[PDB]
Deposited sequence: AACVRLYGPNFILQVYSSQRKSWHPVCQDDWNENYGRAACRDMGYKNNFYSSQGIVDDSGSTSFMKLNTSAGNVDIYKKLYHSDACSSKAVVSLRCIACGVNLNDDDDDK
């Protein structure tokens, strides 16, 4: 599990390819599972879905298999990265 790039795209590795995760079926309760899994404890911020690899992963983080259904997961585990001038 990892977040990829400046838009926090939740990806999962083979088992030499990373593959993002479909926003089909996702909720802020499945969001927390991936966050704790990453080490962030009871920290959560946002788990919006964003625009689309070609192989995706559809539905904690072993309940998915490679799909397609519009929109991927953007997971933020913490409100970070802001200051005085935004």
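Participant: What ranges of the deposited sequence are left out of this structure?
Facilitator: Sequence ranges with no C-alpha atoms are 1 to 3, 19 to 20, 58 to 60, 68 to 75, 82 to 84, 106 to 110.
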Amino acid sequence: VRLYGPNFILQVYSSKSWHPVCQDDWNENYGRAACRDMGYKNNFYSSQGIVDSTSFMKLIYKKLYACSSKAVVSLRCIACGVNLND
From here on, numbers count along this sequence of modelled residues.
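Participant: Return whichever of 39 to 47 and 22 to 30 has the greater mean Cα B factor according to the PDB record.
Facilitator: Per the PDB entry, the higher value belongs to 22 to 30.
Participant: Once you work out the mean C-alpha B-factor for both 69 to 77 and 5 to 13 from the entry, which is higher?
Facilitator: So the stretch with the higher mean C-alpha B-factor is 69 to 77.
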